[PDB]
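A quick write-up on the structure given underneath.
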Amino acid sequence: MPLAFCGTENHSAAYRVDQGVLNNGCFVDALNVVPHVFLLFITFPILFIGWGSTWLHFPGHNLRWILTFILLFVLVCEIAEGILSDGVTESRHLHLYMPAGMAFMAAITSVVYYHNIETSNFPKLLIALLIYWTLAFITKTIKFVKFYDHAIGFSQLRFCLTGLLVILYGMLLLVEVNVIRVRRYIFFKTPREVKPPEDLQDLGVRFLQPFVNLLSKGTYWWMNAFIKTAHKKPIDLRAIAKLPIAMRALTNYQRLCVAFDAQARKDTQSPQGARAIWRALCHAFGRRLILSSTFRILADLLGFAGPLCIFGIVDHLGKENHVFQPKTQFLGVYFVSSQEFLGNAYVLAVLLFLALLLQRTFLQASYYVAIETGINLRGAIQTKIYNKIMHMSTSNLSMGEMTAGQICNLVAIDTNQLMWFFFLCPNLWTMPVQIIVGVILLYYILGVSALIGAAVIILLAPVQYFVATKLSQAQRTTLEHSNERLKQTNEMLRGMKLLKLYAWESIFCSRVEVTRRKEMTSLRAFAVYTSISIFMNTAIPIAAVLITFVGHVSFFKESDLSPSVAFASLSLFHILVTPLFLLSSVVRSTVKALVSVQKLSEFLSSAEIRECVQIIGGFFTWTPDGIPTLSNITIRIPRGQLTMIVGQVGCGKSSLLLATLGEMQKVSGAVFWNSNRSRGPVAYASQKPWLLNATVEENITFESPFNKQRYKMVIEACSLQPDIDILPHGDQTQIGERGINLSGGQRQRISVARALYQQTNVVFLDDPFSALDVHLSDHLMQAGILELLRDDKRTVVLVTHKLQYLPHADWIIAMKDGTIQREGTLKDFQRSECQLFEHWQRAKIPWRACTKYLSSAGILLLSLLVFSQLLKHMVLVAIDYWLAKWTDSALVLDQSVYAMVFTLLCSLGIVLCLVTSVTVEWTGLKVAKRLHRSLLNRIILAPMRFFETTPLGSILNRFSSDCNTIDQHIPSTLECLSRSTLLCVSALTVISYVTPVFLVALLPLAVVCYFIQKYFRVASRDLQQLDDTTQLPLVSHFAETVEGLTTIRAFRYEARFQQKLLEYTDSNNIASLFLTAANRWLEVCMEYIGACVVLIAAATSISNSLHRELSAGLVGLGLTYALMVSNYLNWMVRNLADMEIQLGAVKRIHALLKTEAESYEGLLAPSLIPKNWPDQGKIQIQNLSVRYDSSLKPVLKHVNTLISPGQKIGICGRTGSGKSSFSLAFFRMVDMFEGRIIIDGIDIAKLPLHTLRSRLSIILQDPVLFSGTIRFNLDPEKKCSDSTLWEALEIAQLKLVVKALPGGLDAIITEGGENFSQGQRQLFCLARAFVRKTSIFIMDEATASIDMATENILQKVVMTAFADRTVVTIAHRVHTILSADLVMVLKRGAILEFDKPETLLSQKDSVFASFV
Ligand SMILES: Nc1ncnc2c1ncn2[C@@H]1O[C@H](COP(=O)(O)OP(=O)(O)OP(=O)(O)O)[C@@H](O)[C@H]1O
């Protein structure tokens, strides 16, 4: 019985060349052997030379690749037929499965060869490949025609398979000659030559997926070298790719505008938009969305080709493996019948493997195509929105502010949810087909009990739909309650010094905590209504299986257990269960999408703007019909001029200025225009100022080149170099909104500086000296503006009421009654009775997450949580093994015992799922509660120096957003991770128990999964942060656009901001595309790992059940867990990345709870120190030397100075050195590192800081009123009496507002007293000074106030001296601080001057020098 090469039967009678040379059936296989080893032996040196820049794919190569893939498929099928035929006979018959194997290796090498000949564009070297292709085409044609001459027919399998790969070689020979025809290299005198694409020619595009071969489009191979690059260096934005041509937002915008033009030509409906959006979106994006849907439909169909293989495997493995032989026997060769082919065991396993390996690639490809179309939708639709921002009128809208906030939220939420609709759009095409084919083949598998189970799953989607609706309602109510909570947090982070100064931390912490616990009750209801979603989500399959098997056994009594049917039914149940919960969310996303398209359509058909200086006819309005708001305007202003304008208060100044800008709907009239009919870049600066959220030099230069001379002149004229030094960066500080909070004169001067700077042939100033109330600054600015515009020789127009210069030396223009009266000389206004006014890197977080779970849960519930999760997964393992054992023991024939224990295990499963769903929400609720109370308590017990050190933005961000993350993001991610990784460990444990060879094949596979997980985590964290920090400047740009719109359209500088918008949108979309494609590459890699798990498990299970005779119920339970392992890895990796990103805002929350200082410590005997404390006023400071960080510069040194009782020593000094330091340390609010600080003769070094800040009143520089009730705005901690509050709020100031208030002492302080006064704040300060029996009152100077307000403050200080008589005031306004008793001038941080009489202060040198 030796090693025969062809066959040893009949004593080598197949080695007989008689009866023709070609009619020997083994000789034809030798002929088919020939071309493959010919290609191997001519293409091995080529490939080895190759293995020892620029890419261009050959024309028509995608169908080349797909024909190669399907010929690999049919060659694997012929390998299977060859194995079953050479395996049935007694001999070896090696001529049945050697030629197919060498053909498989030849096809693999000829596609590697095609890739290595696609890398180097040298087409004359695939002539050999074409000479390969005709030879095999000839040879298998011979084989097919010999089957036809031997009359096999379509009955046997190998005839059909042979004809199939004949037409394979024919079609790829036709592809080869199509390439020959196109590129014209071999026999043509002139070869066609193509160039690499411009996206390749950029070299600044790494994301080369739209221009790469089809295998890398399928498996994302180019991502690998990217993701492995990301482990050495992190992924910067410069490391990211450019926005290539097919994905450039301008190009997609052009395509979308072509769609708009095509739709608007065919329909042209003016009050439409919705149908217009429908036709435009469909015509513009169907060419990719339908392709994504097609791949998704094919992936769904090949997904449902999974349980059929389980059914065939378990049905043949249950039927004893009796036959194992083909019927047909032609010429001593056994031909496999196709039923016996598709009835084999190993063959069906390999077919299952290749079907899963194509299903679970087309699903991810469909995902990716949907994502790419969604990102191009986001790009083009945001670009269209910005284009209709670039023409939108403001006064044709009433609420132009509320609508610009609306349109920014519109852009963000609307465009994002339109993007999310085009993410989820193939689901509404496939999930119905998924469910329908699932119901159909589940009825084919099992029966009417499967229809009962399908009624369970079809009655588990409306429950999720209704639960998500109630959840969204609860989330709305929770967020609109937590908005008030966040407003309370903003009111608690703006006033740290004022609340610690007025001893108002405890009452405001309680007023925050009451709203927080109300929001916590609302969040508890939210957690219940989102726990019930998880409970229904995790108990619908258990009830489905229970009702299914209970129907088939108890209710049907039709057939046996049918384990092939059972495990196919279970796998069908999982494959049907997965889309079902997703579809309710899809329908919700569709509803949100329709609302979003309605919103953006009602936006898109809003009013546009419009289609030397001279205006003749004069009618101009805002409303597009009726009432011209500025008419009779006949004014001419040629170049070389400086027209001052004038008028009454609100007499049409900004209306005339905007009418000169061309931003008003001019009904009657003409606009002559001539630049030294098209419009020029008129410079403008509105009444309301505006600054881009950028640097101050960036808000000054305004996208223009930078010279030192004009910038120095603008910093000098507007007094900006002291303003630059007032900021810690100057020309680098983030000016305006989202940055350094400026002042109105400073912002007006910066806007005027950019207007003056912008080098224009005209300059419009719509009252710049209106808000800059610094008169000497305004006069120096006016003179420098006159000098600059005279030395620049450019036309100017200043429309204001500053009549100090307007009748003197201008070519003025006067607007009377909202119309132009006279634009001439000053003598005409001295002749129209108008001169009377003119003569007047970390990996993970494991410590912080452990600290969170430890300090949050408590082991009596953390143990219960882990135990309930483990018990639920053990119960699911138990129900699976009980189903397997019951289906096995019913086929081999206590059946009611099996059904009863199956029902009582499904009930325990449902109960444990309810328990885990309760436990997750309860753990998250207690976590958020105790973490919030810890953060609030640690934020109360803080010094004001920490609030000086760290900003409120960082504290508020890691407060609010991390509270949101630990309130609405951490419990769901924890539930998903704790179900996904535990289901994964359960399934792989079950696979290893059923197949004990699996763990041996698991360990290298798990190592590969761990390394892929590590590199994906490293890349995905950085791409997530790059997504967030790229989508932030885009809405920042939409804010700065909608805010200063008329300035941009005034400058005619729209195209540069259009390009800045397009650059911002491209930089956001490319990061979104990298995050999408990294997610999809992760899912593809883990899905091939799962397919190899399926292959090894199925192979070893069928091998040990053919021979070792396994309890084949366990084999089907193995395959249906290898499939659910296969998607448990997906959720495991995704939930691990989400838990990493969500736990990063809690590592920071714990880190900001780890900053505690300013401990209240009364170390004396507190029984007598704050009762004696009121009304003495005797705080004798004895050499108390101060420091703050105790680093480089103490201020107070050995200052042994006393304030006498009654002697209200207003002691002002140098405000840089000795004013504020003593005023801060007087209230024990600084580090007096030595000395002795007495307080009315008591020890202020051991006082209760609650009691110390209670019985020592103060005044402020920028005073503020804490929002609340009027009794809570006056004295919340005291609440003494109403008549005392009337006496305070009467005798200080504001009596005619307090008695005229709607509430009285019980009225709402409207968020700081937003329109009360600024002296009403000082009146409340005097109220708190008069109410708390406070003799002392530590005062600082007013920053900005009126002289009469300062005189009223002096009169109130006289009344405070008449009622309290103790005061210590420091004032950089030294000229009003002179009415005192004693004074101290503390220059350059020392105790330099002290004058206990006031006349010695006016007598001595330095104090009088401080008085001048
Ligand atoms: N962009 C706009 N949005 C809304 N209303 C506008 C707009 N432009 C002009 N109007 C209307 O024009 C009318 C005139 O306002 P007005 O002309 O007094 O500006 P102004 O005289 O420059 O104000 P001020 O005297 O404070 O500088 C007002 O009713 C105003 O609402």
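Ligands are numbered from 1 in the order shown, residues from 1 within each chain, and chains are lettered A, B, ... in the order they appear in the structure tokens.
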
Given 6 Å and only C-alpha atoms and all ligand atoms, residues near ligand 1 as a ChimeraX atom specification: /A:394-395,649-655

Please list as a PyMOL selection string every residue within 12 Å of residue 793 of chain A, counting only C-alpha atoms and excluding residues in the same chain fewer than 5 positions away. chain A and resi 639-642+759-763+785-788

Fewer than 6 positions away in the same chain doesn't count, so skip those; otherwise give me all residues within 12 Å of residue 721 of chain A, counting only C-alpha atoms, as a list in words.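 Everything that qualifies: residues 696, 697, 711, 712, 713, 714, 715, 727, 728, 729, 730, 731, 746, 749 and 750 of chain A.
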
Contact residues around residue 344 of chain A with only C-alpha atoms at 12 Å, ignoring same-chain residues under 6 positions, as a ChimeraX atom specification: /A:80-81,83-85,309,312-317,319,321-326,336-338,350-351,1102,1106

Grab the residues selected above and save them as a CSV table (one decimal), in the first residue's frame with N, CA and C atoms.
```csv
chain,number,residue,atom,x,y,z
A,80,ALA,N,-12.7,21.2,-1.1
A,80,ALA,CA,-13.6,20.4,-0.3
A,80,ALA,C,-14.1,19.2,-1.0
A,81,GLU,N,-14.5,19.4,-2.3
A,81,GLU,CA,-15.0,18.3,-3.1
A,81,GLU,C,-13.9,17.3,-3.3
A,83,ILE,N,-11.3,16.7,-1.3
A,83,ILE,CA,-11.1,16.0,-0.1
A,83,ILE,C,-12.1,14.9,0.1
A,84,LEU,N,-13.4,15.2,-0.1
A,84,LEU,CA,-14.4,14.2,0.1
A,84,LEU,C,-14.4,13.1,-0.9
A,85,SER,N,-13.8,13.3,-2.1
A,85,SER,CA,-13.8,12.2,-3.1
A,85,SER,C,-12.6,11.4,-2.9
A,309,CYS,N,-25.7,27.1,9.0
A,309,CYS,CA,-24.5,26.2,9.1
A,309,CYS,C,-24.5,25.5,10.4
A,312,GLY,N,-27.1,22.7,10.0
A,312,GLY,CA,-26.6,21.6,9.2
A,312,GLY,C,-25.6,20.7,9.9
A,313,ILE,N,-24.7,21.4,10.7
A,313,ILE,CA,-23.7,20.7,11.4
A,313,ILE,C,-24.3,19.8,12.5
A,314,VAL,N,-25.2,20.4,13.3
A,314,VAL,CA,-25.8,19.6,14.4
A,314,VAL,C,-26.8,18.6,13.9
A,315,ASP,N,-27.4,18.8,12.8
A,315,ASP,CA,-28.3,17.8,12.2
A,315,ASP,C,-27.6,16.6,11.6
A,316,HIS,N,-26.4,16.9,11.0
A,316,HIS,CA,-25.7,15.7,10.5
A,316,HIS,C,-24.9,15.1,11.6
A,317,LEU,N,-24.5,15.8,12.6
A,317,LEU,CA,-23.8,15.2,13.7
A,317,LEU,C,-24.7,14.4,14.7
A,319,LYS,N,-27.3,12.8,13.2
A,319,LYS,CA,-27.7,11.6,12.5
A,319,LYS,C,-26.5,10.6,12.2
A,321,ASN,N,-23.6,9.9,11.5
A,321,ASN,CA,-22.7,9.9,10.4
A,321,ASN,C,-22.6,8.6,9.7
A,322,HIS,N,-23.7,8.2,9.1
A,322,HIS,CA,-23.9,6.8,8.7
A,322,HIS,C,-23.3,6.5,7.4
A,323,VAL,N,-23.6,7.3,6.4
A,323,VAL,CA,-23.3,7.1,5.0
A,323,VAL,C,-21.9,7.4,4.6
A,324,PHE,N,-21.5,8.7,4.7
A,324,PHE,CA,-20.2,9.3,4.4
A,324,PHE,C,-19.7,8.8,3.0
A,325,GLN,N,-20.6,8.8,2.0
A,325,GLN,CA,-20.1,8.3,0.7
A,325,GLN,C,-21.0,9.0,-0.4
A,326,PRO,N,-20.4,9.2,-1.6
A,326,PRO,CA,-21.2,9.7,-2.7
A,326,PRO,C,-21.7,8.6,-3.5
A,336,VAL,N,-19.0,13.7,-6.1
A,336,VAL,CA,-19.8,14.1,-4.9
A,336,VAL,C,-21.1,14.7,-5.4
A,337,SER,N,-22.3,14.2,-5.0
A,337,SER,CA,-23.5,14.9,-5.2
A,337,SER,C,-23.6,16.1,-4.4
A,338,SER,N,-24.3,17.1,-4.9
A,338,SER,CA,-24.3,18.4,-4.2
A,338,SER,C,-25.0,18.4,-2.9
A,350,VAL,N,-16.2,25.0,7.1
A,350,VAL,CA,-15.4,26.0,6.3
A,350,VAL,C,-16.3,27.0,5.6
A,351,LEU,N,-17.4,26.6,5.1
A,351,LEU,CA,-18.4,27.5,4.5
A,351,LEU,C,-18.9,28.5,5.5
A,1102,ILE,N,-16.2,19.4,15.9
A,1102,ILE,CA,-16.6,18.4,15.0
A,1102,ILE,C,-15.6,17.2,15.0
A,1106,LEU,N,-17.0,13.6,15.9
A,1106,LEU,CA,-17.0,12.5,15.0
A,1106,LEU,C,-16.3,11.3,15.6
```

Can you list every residue of segment 1113-1225 of chain A that has an atom at most 8 Å from segment 1390-1393 of chain A, with its nearest atom pair and the distance in Å to one decimal, using only C-alpha atoms, ordered by chain then number, as a Markdown table?
```
| residue | atom | partner | partner_atom | distance |
| --- | --- | --- | --- | --- |
| A:1195 | CA | A:1390 | CA | 6.0 |
| A:1196 | CA | A:1390 | CA | 5.9 |
| A:1197 | CA | A:1390 | CA | 6.1 |
| A:1198 | CA | A:1391 | CA | 7.8 |
| A:1199 | CA | A:1391 | CA | 6.2 |
| A:1218 | CA | A:1390 | CA | 7.4 |
```

Set the distance at 12 Å and use only C-alpha atoms: which residues neighbour segment 1107-1116 of chain A once local chain neighbours fewer than 4 positions away are removed? I'd like the list as a PyMOL selection string. chain A and resi 307-321+349+561-571+877+880-892+990-996+1094+1097-1103+1120-1123

How would the residues just picked look written out with C-alpha atoms as a CSV table (one decimal), in the first residue's frame?
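Wrote result.csv, looks like this:
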```
chain,number,residue,atom,x,y,z
A,307,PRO,CA,-27.3,29.8,11.9
A,308,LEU,CA,-28.1,27.6,8.8
A,309,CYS,CA,-24.5,26.2,9.1
A,310,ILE,CA,-25.1,25.4,12.8
A,311,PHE,CA,-28.3,23.7,11.9
A,312,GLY,CA,-26.6,21.6,9.2
A,313,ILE,CA,-23.7,20.7,11.4
A,314,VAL,CA,-25.8,19.6,14.4
A,315,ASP,CA,-28.3,17.8,12.2
A,316,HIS,CA,-25.7,15.7,10.5
A,317,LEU,CA,-23.8,15.2,13.7
A,318,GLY,CA,-27.0,14.0,15.3
A,319,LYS,CA,-27.7,11.6,12.5
A,320,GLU,CA,-24.9,9.2,13.4
A,321,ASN,CA,-22.7,9.9,10.4
A,349,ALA,CA,-17.8,24.5,8.9
A,561,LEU,CA,-36.3,18.7,20.8
A,562,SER,CA,-34.4,19.0,17.5
A,563,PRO,CA,-31.1,20.4,18.8
A,564,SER,CA,-30.0,21.5,15.4
A,565,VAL,CA,-33.2,23.5,15.3
A,566,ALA,CA,-32.7,24.6,18.9
A,567,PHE,CA,-29.2,26.1,18.6
A,568,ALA,CA,-30.0,27.5,15.2
A,569,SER,CA,-33.0,29.1,16.8
A,570,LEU,CA,-30.9,30.5,19.6
A,571,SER,CA,-28.4,32.0,17.2
A,877,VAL,CA,-24.2,29.7,31.3
A,880,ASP,CA,-27.3,27.3,28.0
A,881,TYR,CA,-26.0,24.1,29.4
A,882,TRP,CA,-29.4,23.0,30.5
A,883,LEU,CA,-30.8,23.7,27.0
A,884,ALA,CA,-27.9,21.7,25.6
A,885,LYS,CA,-28.4,18.7,27.9
A,886,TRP,CA,-32.2,18.7,27.4
A,887,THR,CA,-32.0,18.8,23.7
A,888,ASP,CA,-29.4,16.0,23.7
A,889,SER,CA,-31.4,13.8,26.1
A,890,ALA,CA,-34.6,14.2,24.1
A,891,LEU,CA,-33.1,13.2,20.8
A,892,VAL,CA,-31.6,10.0,22.2
A,990,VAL,CA,-17.9,27.9,27.7
A,991,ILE,CA,-16.0,27.5,24.4
A,992,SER,CA,-13.0,26.2,26.3
A,993,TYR,CA,-15.1,23.7,28.3
A,994,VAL,CA,-16.8,22.3,25.2
A,995,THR,CA,-13.6,22.3,23.2
A,996,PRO,CA,-10.6,21.8,25.6
A,1094,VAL,CA,-15.2,30.3,15.4
A,1097,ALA,CA,-13.7,25.9,17.9
A,1098,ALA,CA,-15.9,24.4,15.2
A,1099,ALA,CA,-13.1,22.3,13.8
A,1100,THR,CA,-12.1,20.8,17.1
A,1101,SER,CA,-15.7,20.3,18.1
A,1102,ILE,CA,-16.6,18.4,15.0
A,1103,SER,CA,-13.4,16.5,15.2
A,1120,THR,CA,-23.5,30.0,19.2
A,1121,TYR,CA,-21.2,31.3,21.8
A,1122,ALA,CA,-18.3,31.6,19.5
A,1123,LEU,CA,-20.6,34.0,17.5
```

Test item, strand (DSSP E or B) assignment across segment 209-436 of chain A, answer as a ChimeraX atom specification: /A:328-330,333-335,337,392

Written selection (N, CA and C atoms) as a tab-separated table (two decimals), in the first residue's frame:
```
chain	number	residue	atom	x	y	z
A	328	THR	N	-22.50	8.68	-7.01
A	328	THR	CA	-22.05	8.53	-8.39
A	328	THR	C	-20.60	8.06	-8.43
A	329	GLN	N	-20.32	7.16	-9.37
A	329	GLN	CA	-19.00	6.58	-9.57
A	329	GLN	C	-18.76	6.48	-11.07
A	330	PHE	N	-18.08	7.46	-11.63
A	330	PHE	CA	-17.79	7.47	-13.05
A	330	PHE	C	-16.31	7.16	-13.28
A	333	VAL	N	-13.92	7.01	-10.49
A	333	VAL	CA	-13.78	8.24	-9.72
A	333	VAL	C	-15.14	8.54	-9.12
A	334	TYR	N	-15.14	8.93	-7.85
A	334	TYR	CA	-16.38	9.19	-7.13
A	334	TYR	C	-16.74	10.66	-7.28
A	335	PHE	N	-17.94	10.93	-7.78
A	335	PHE	CA	-18.38	12.31	-7.91
A	335	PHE	C	-19.34	12.63	-6.78
A	337	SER	N	-22.27	14.18	-4.99
A	337	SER	CA	-23.53	14.85	-5.23
A	337	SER	C	-23.60	16.10	-4.36
A	392	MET	N	-27.13	86.91	5.89
A	392	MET	CA	-28.31	87.12	6.70
A	392	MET	C	-28.40	88.53	7.25
```

Report as number ranges by chain all protein, DNA and RNA residues lying within 9 Å of segment 942-955 of chain A, evaluated on only C-alpha atoms, omitting residues in the same chain fewer than 5 positions from it. A: 490, 493-494, 496-497, 500, 960, 1152, 1155-1159, 1188, 1229-1230

Selection above as a file: C-alpha atoms, as a compact mmCIF listing (two decimals), in the first residue's frame:
```
# COMPACT_ATOMS: atom_id res chain seq x y z
CA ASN A 490 -21.63 80.08 38.72
CA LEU A 493 -17.60 80.67 41.82
CA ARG A 494 -17.84 84.32 40.90
CA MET A 496 -15.44 83.69 46.49
CA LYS A 497 -13.92 86.77 48.12
CA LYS A 500 -15.90 84.68 52.49
CA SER A 960 -20.01 70.78 35.95
CA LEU A 1152 -9.70 68.74 42.56
CA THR A 1155 -7.08 70.54 47.38
CA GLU A 1156 -8.15 71.60 50.87
CA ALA A 1157 -6.95 74.60 52.88
CA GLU A 1158 -8.14 77.59 54.98
CA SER A 1159 -9.20 75.63 58.05
CA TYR A 1188 1.13 85.33 50.75
CA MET A 1229 -7.45 86.98 54.85
CA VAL A 1230 -3.66 86.83 54.35
```

Gap from atom CA of residue 1240 of chain A to atom CA of residue 1205 of chain A - Å, one decimal: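 Taking atom CA of residue 1240 of chain A and atom CA of residue 1205 of chain A, their separation equals 8.9 Å.
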
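Comparing A:489, A:675, A:1013, A:1069 by their smallest distance to residue 1135 of chain A, the closest is A:1013 (using only C-alpha atoms).
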
Could you check how far atom CA of residue 1049 of chain A sits from atom CA of residue 397 of chain A, in Å to one decimal?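 Calculated distance between atom CA of residue 1049 of chain A and atom CA of residue 397 of chain A is 16.5 Å.
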